[PDB]
Amino acid sequence: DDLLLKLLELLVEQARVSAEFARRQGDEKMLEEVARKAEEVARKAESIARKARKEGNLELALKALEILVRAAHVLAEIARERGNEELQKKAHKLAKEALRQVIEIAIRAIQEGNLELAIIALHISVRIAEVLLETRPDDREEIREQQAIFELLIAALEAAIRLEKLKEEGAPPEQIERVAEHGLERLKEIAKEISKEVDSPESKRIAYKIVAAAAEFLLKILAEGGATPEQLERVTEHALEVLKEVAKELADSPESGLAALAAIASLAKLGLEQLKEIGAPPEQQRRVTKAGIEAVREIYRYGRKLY
Amino acid sequence: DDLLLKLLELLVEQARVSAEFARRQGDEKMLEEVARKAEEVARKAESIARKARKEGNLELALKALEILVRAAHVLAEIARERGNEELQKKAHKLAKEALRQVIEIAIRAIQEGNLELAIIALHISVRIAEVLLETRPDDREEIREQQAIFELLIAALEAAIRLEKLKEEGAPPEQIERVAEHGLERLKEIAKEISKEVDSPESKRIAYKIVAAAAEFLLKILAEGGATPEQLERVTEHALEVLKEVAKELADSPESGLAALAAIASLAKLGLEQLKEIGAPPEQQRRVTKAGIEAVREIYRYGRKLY
Amino acid sequence: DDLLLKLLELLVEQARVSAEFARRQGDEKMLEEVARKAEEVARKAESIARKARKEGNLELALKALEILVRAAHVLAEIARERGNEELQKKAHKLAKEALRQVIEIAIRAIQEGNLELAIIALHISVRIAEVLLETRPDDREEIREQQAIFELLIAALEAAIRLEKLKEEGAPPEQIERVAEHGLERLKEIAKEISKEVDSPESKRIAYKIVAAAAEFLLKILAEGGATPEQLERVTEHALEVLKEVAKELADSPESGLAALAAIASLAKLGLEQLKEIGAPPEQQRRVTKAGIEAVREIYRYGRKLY
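Heads up: the protein sequence lines correspond to chains A, B and C, in order. With this note's numbering as the guide, the letters of the first sequence map in order to residues 64 to 370. With this note's numbering as the guide, the letters of the second sequence map in order to residues 64 to 370. With this note's numbering as the guide, the letters of the third sequence map in order to residues 64 to 370.
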C-alpha cells in the first residue's frame, strides 16, 4: 500500500506546484484541473482509509489521514484563490469527517496504549485545525470545540506519559497510586471545566469516551505495574467515583446514558478481570461489584428526569 | 560519505539564513559571498554526483541532487532579489541537466525495480520544477515537457505498483494478464496524447524508454507471478505489438528509430530469455522471434520514410 | 523519555495554531496564554536538558534544544507581533544560553567523534541563528560572533570528515599526515582571521577549545590509523606548534592562558598515552615529553608578558 499512498503524495505535490503555476499565470481552467485531480486523490485516499479501519492498521490509517489533510490543504489553496462554495463545502465536510475519524483512531490508540500513534494523530489533528481555521475563522465555536477535544486528549497524554515514565522507572506502588489518584482528580477538574463551554452532542459523547478510555488506560497500566489488591480496589473505587461524577455532568440524553453505562460496565469488567488475575479473595470482588451496580443505580435514577 | 553531503546542507542553510541577513542589511558583497558559497556547494555537490553516476548508489545521487535543488533554490532567491542574469543562466542550465539526469536515474530505478527511490526521485524532480517555474513562469513549454514526463512516470508507477500488489496478493494469471493489458493500453493512449505536444528529441527518447522500461517491469513481474507459458507468450506478443504501435506514434528521425528498435529488440531478448528460463517449447521461441523480426521489418519500412 | 519531548512538540504545534488564531481574531489574552504555556514548555525542556546533561545522552539534549528553539520561534512570533519587550528579553536570554550550551555540547560531540550529533547540533545552531536574526537583525556583533563560531565549527568538521572519509576509504599514513598538517594550517589561518574580528572572552574560550578539539580529533584519528611513531611525533610537534601559535594569538588574559595550557597539556598527555599504547621506545617517549615541556616553557615565557 505505502507506495500508492506516496503516489498520492506525488500527485498532491504536482498539484501544489501546478497551483503555484496557476497563481502566476491566472488560468481558471488550470484551477479546475487541479480541483478535479485533488478530488480523485481524495476518493483514492478515503477508499484506502476506510479499508485501513476495517483492517485495523492505525499507522496506515494515519498516513492516509495525513494525505487527506495534504489534499485538503491544496483544495483550500484552490478555494482561497477561486472563491468557489462547492470546494468550501467539500473541504469542510471532508475535514469534519476526518476530525471525527482521527478522534475515533485517537480513542483507539490511547485505549490500546499505542501512544506513539496517538501523538501522530494529534499532529494530524493540529493540521486539521489549520485546514478548518483557514476554511472559516469567523465560525469560531467549532474550532473551540475541536481545541477542547484536543486539550482533553493532551491532558490524557500528560497523565498517560507521566504514568508510563513511572512504569519504566519502577517506583513504589504507593507512589504509583498517588500519581494515578492525582491524575484522575486532574482529569475530573479538566472534564468539569470543558463541560462549561462544550454543547455539541457528539462532542460530549466523544469527551466522555475519552475520559473513560484515559481512566481505563491508567487502571490497566497500574494493574500491569503489579500493585496490591488494596491499591487495585481503592483505585477502582476512585475511578468509579470519577466516572459517576463526570457522568452526573455529561449524562444528558439516551446516548450519553448508554455511553456512561457501557463505560462503567467496562470498568467493572476490567476491575473484576484484574481481581481474578491477581487472585484477590471473593469479598473484594463483591465490594467492587456493589460499587459498580450502585454507580449505575445512581446514574439511571439521576438521569430519569431527562427522558 | 553522507556526512560530506550534510556539511553541504549546513553550508546551504547557513547561506540561506545569511540571505535573510542580506535581505535585512542590503549589502551587495554579502550577496556576492552567498552566491560564491552556493557555487562552491555546486562544485562539491556536482563532484559527489559524478562519483554516484559511476558507483550506482542511487540514494547518494538523489541526496546530491536534493542539495543541488536546495542550492539552486537559495541561488534563485539571491538572483531574484539582486536582479542578476548570470545566476539565473547557471540555475536554468543546471536545473535542465539535473532534470534529464534525475529522469535517467528514475528510468534506471524503474528498470532495477527500486520504485521507492524512484518515488523520492520524482519528488526531487517536482522540486526541480519549483526551481524552474520560479526561474521563469513563462518558459511554459519546458514546464509542459516536465509535467508530461511526470504524468507518464506516474501512470507507469500506478500500473507497476498495482501489478506488484497483485503479485503480493497472489492474484490469478488471467487477472494478472488483464491488468498488464490494461496497463499497456493506458500507457499507449497516454503516450499518443503526449505525442500531440512534445518536441524535444531526447524527451521523445525518454518517453519511449519509459514505456519500454514499464513493459519490461510488467514482463518481469508477470514472470515472477507464475503465469503460464501460453500467457507469457500472449503477453509478449501484445507487448511487442504495443511497443511497435508506440514506436510509430513517437518516432520521427532515423536516430529515434535506432533507439526505439534497439529498445524493442532488448524487450524481445528478455522475452526469449524468460521463455528459455521457463523451458517453453521451441515453437513458442520461434513465434516470439518472428514477432520481433516482423516489428524490425515494420519499423525499418516506417523508418526508411524518415530519412 | 522521547514521549515527553513529543508531548512538548504537540503543545508547541497547538500553540502555533493558537498564534495563527490569535492573529485572525486580534485578542491579546490568547497571546498571554500561549506565552505562559511556551514559558512552561521552556521550563520543562530546560529541566529535561540539564537532566540529560547529567545523564550524558547528547541525542536527548539536542532533541530538547531543538524543542527549546521551536518554542523560541512561537515566543519570537508573539514578541514581534505584540511588541512586548519582556518576551523579547526572555527570548534573547534563552537563545544566548542555548547558543553557549549547544556550542559546548558540539565541542563534546566533536571530542567524542560522534559527528552525526555535531551536524544535528550545528543544524540547531542555524535554528538559533534564525531566532537571533528574527529577534534583532541590527544586533550585528552577536550575529557575527555566531557566524564566526559557525565558520570555525564548519572548517573543523570539514577537516574532521575529510580525514574520517580518508580513514573509511583507506590511505597510507603519509597521506593522512599530509592532510592533517594541511588541516592544522587551515585551522591556523581561519583562527587567525577570526581573531582579527572577535573580542569576547567566551568567544576566545570557545575558539581555542574548538581548535584544540580539532587537533585532538586529528591525533586520535591518526592513532586509529595505526601510524608509525615517526609520523606520530611529526604530527604531535606540528600540532603543539599550531596550538602554541594560536595560544600566542588568543591568550589575552589569565583565563584564556589557563584554558590554552590545560588543553595543550591534555593534547600532550594524549600524545604520550598513544606512545605508551603503541610501545614507542623510552627515548621517543622522552623526546615527545621534552617537546611538550618546551611548549609549556613557551606558554610560561610568552603569557608572562600580560602578568
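Virtual Cβ for every residue (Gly too), placed ideally from N, Cα, C.
Distance between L247/B and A302/B, taken at the CA atoms: about 7 Å. Out of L94/A, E140/A, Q88/A, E72/A, the CA that lies nearest to the CA of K107/A is found in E72/A. Only exposed fits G233/B, as fewer than 16 other CB atoms lie within 10 angstroms of its CB.
Taking a Cβ-Cβ cut-off of 8 Å, the neighbours of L178/B in chain A comprise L66, given in sequence order.
Approximately 16 Å separates the beta-carbon atoms of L131/B and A142/B; this is outside 8 Å, ruling out the contact. The stretch 316-335 of chain C makes contact with the stretch 353-362 of chain C, as at least three CB pairs between them are under 8 Å.
In the DSSP assignment, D90/C falls outside any alpha helix (DSSP H) and carries neither an H nor an E. For a cut-off of 8 Å, the C-beta gap from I182/C to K69/B is around 5 Å, short enough to register as a contact. By the Cβ-count criterion, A325/C is exposed, with fewer than 16 other Cβ atoms from all chains shown falling within 10 Å of its own Cβ. Looking only at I206/B, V261/B, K100/B, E346/B, the smallest Cα-Cα distance to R133/B is reached by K100/B. Listed along the chain, the chain A residues whose CB falls inside 8 Å of the CB of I257/B amount to none; the nearest CB is some 15 Å away. Within the stretch 195-211 of chain A, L196, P200, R203, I206, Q210 place their CB atoms closer than 8 Å to a CB of chain C, listed in sequence order. For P292/C, the enclosing alpha helix (DSSP H) covers residues 292-313. For the pair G176/C and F280/C, the CB atoms are nearer than the 8 Å cut-off. Secondary structure at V274/C: helix, using DSSP grouped into helix, strand and coil. The contact set of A161/C on chain B, defined by CB atoms closer than 7 Å, is empty, because the minimum CB distance reaches about 16 Å. Rounded to whole angstroms, the separation of the alpha carbons of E231/A and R297/A is 23 Å.
Taking the Cα of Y271/C as reference, the smallest distance to any Cα among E308/C, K283/C, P235/C, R86/C is reached at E308/C. When the alpha-carbon of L195/B is set against those of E221/B, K156/B, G89/B, the nearest one is in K156/B. In the same chain as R79/B, and ignoring 5 residues on each side of it, the C-beta atoms closer than 7 Å to its own belong to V137, in chain order.
Per DSSP, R241/B is one residue of the alpha helix (DSSP H) stretching across 236-258. Not one beta carbon of chain A lies nearer than 8 Å to the beta carbon of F280/B. Nearest C-alpha to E346/C among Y363/C, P292/C, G366/C: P292/C.
Within the same chain, and ignoring the five residues on either side of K339/C in sequence, the residues whose Cβ sits closer than 8 Å to its Cβ are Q348. Taking the beta carbon of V189/B as reference, the chain A residues within 9 Å of it are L73, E76, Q77, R79, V80, listed in sequence order.
The C-beta of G288/B has 16 or more other C-beta atoms within 10 Å across all chains shown, which makes the residue buried. The beta carbon of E240/A sits closer than 6 Å to those of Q294, all from its chain and outside the five residues before and after it, given in chain order. A residue is called buried when at least 16 other Cβ atoms come within 10 angstroms of its Cβ; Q238/A does not meet this threshold and is exposed. By the CB criterion at 8 Å, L128/C and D64/C fall outside the cutoff.
Residues of the stretch 86-101 of chain C with a C-beta atom less than 8 Å from some C-beta of chain A are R87, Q88, listed in chain order.
For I257/C against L216/C, the beta-carbon gap comes to about 11 Å, at or over 8 Å, which does not count as contact. Among the residues of chain A, those whose CB is under 8 Å from the CB of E193/B are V80, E83, following chain order. Below the 7 Å Cβ cutoff, chain B contributes no neighbours of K368/A, its closest Cβ being approximately 56 Å away. Rounded to whole angstroms, the Cβ separation of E208/C and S266/C is 6 Å, and the two are in contact under 8 Å. For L121/B, there are no neighbours in chain A by C-beta distance under 7 Å, as the nearest C-beta there is about 16 Å away.
A distance below 8 Å separates the beta carbons of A254/C and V274/C.
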